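Single chain ahead, by itself, as structure tokens, in the form deposited in one PDB entry.
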């Protein structure tokens, strides 16, 4: 493990508080893509020019054209990424990828099958997984592992800052460090339950005074690629019940007036109590009683080995700056400023 003296940031754009993405270039000359950085997976993919135009999602995103890249190297083995809320499919390819000014040779998936629901709902074109090789499909090396192999980063860590807001910085990732301009107080760490997955032990979840949730203990996925906080269907039904929340098709709501009356939600992680006020988790876009406001906390059942498990996504990261320590297998939380 070589540690140099470089640091890179990626500027992130915030879309509707649910999608955070920046820019990467692929090939010679670079073909730019908007991608999301997902600690909850470990592959890289962008949609491919070879994606049937009968896939509307492809007609609406940037497509990588190998035949315009003088650095592309063929491989072609099949690939399928089955995420919690949708699937993509295609084949492996190799080329140069610029990310934060760092240039790295990388194997990625050229997706030739991307469903309208949901990809038609995506602002970005692709994903850059920030997880370990233990979660990478097709045994493909992760892009951070590859960057780490170059020995240029100060520390074997990267940090996420998601702003709430929308002219202003949308978000920011620091490869090989953190940006103290974005957090305050001290960091506080937790060791990953295991290596291979950005997940940690969670002691309890309290809704207001009356602590409903996992009084015993549970798992928490720290997930930069997720818009919401998610828990087991079971856990979430009880959580929601105590908020007077009404469960609809894909989300929970409450009469827009009742939003601010909603109590605090805390999550106990290694000693500190991480609390979110209603303003932190409601989409207050009205104050009327005649209108339903949505909650940034979904119900989602994740299977073994990973699940069952809570997910802490953009709803949480927005309040607490997050550093992913690969060297020590821990995750620091600080108060985002």
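Note that the rigid core is defined as the largest set of C-alphas that superpose within 1.5 Å between two forms. Numbering follows the first chain given and starts at 1.
Student: Looking at the other compared entries that model both neighbours, is residue 331 missing coordinates in at least a third of them?
Tutor: No: coordinates for residue 331 present in every compared entry.
Student: For residue 80, record whether it is unmodelled in at least a third of the other compared entries of this protein.
Tutor: Residue 80: modelled in all of the comparison entries.
Student: Would you class the number of unmodelled deposited residues between residue 166 and residue 167 as none, 1 to 3, 4 to 9, or 10 or more?
Tutor: In the deposited sequence, 1 to 3 residues between these two have no coordinates.
Student: On mean C-alpha B-factor from the PDB entry, just flag whether 53-61 or 271-279 is the higher one.
Tutor: Stretch with the greater average CA B-factor: 271-279.
Student: Quick one: say whether 217-225 or 123-131 has the higher mean Cα B-factor in the deposited entry.
Tutor: Looking at the recorded C-alpha B-factors, 217-225 comes out higher on average.
Student: Looking at 40, 27, 47, 304, which has the highest Cα B-factor in the entry?
Tutor: Each of 40, 27, 47, 304 was compared by C-alpha B-factor; the highest is 304.
Student: Tell me which of 110, 251, 95, 113 tops the list for C-alpha B factor in the record.
Tutor: Highest C-alpha B-factor among the listed options: 251.
Student: Going by the entry, which third of its chain does the Cα temperature factor of residue 154 land in?
Tutor: Highest third of the chain for residue 154's C-alpha B-factor.
Student: By its CA B factor, does residue 206 count among the lowest, middle or highest third of the modelled residues in the chain?
Tutor: It falls in the top third of the chain.
Student: Which third, lowest, middle or highest, does the C-alpha temperature factor of residue 71 belong to within its own chain?
Tutor: For residue 71, the deposited C-alpha B-factor lands in the lowest third.
Student: Rank-wise, by C-alpha B-factor, drop residue 33 into the lowest, middle or highest third of its chain.
Tutor: Ranked within chain, residue 33 CA B lands in the lowest tercile.
Student: Among all modelled residues of this chain, ranked by Cα B factor, put residue 188 in the bottom, middle or top third, i.e. lowest, middle or highest.
Tutor: It falls in the middle third of the chain.
This next part talks about the form deposited in another entry, which is not shown.
Student: Please name the single residue among 201, 87, 266, 146 whose Cα shifts by at least 2 Å between the shown form and the other one after core superposition.
Tutor: By this measure, the answer is 87.
Student: Quick check on residue 314: with the core superposed, does its CA move 2 angstroms or more between the shown form and the other one?
Tutor: No, because once the rigid core is superposed, the C-alpha of residue 314 moves less than 2 Å between the shown form and the other one.
Student: Please state whether residue 23 has a C-alpha shift of 2 Å or more between the shown form and the other one, with the rigid core used for the fit.
Tutor: No, the C-alpha moves less than 2 Å.
Student: Since the C-alpha distance between residue 198 and residue 6 changes by 3 Å or more in the other entry, give its direction relative to the shown form: closer or farther.
Tutor: Compared with the shown chain, residue 198-residue 6 is closer in the other entry.
Student: Say whether the C-alpha atoms of residue 7 and residue 155 sit closer together or farther apart in the other entry than in the form shown here, given that their separation changes by 3 Å or more.
Tutor: Their C-alpha distance grows by at least 3 Å in the other entry.
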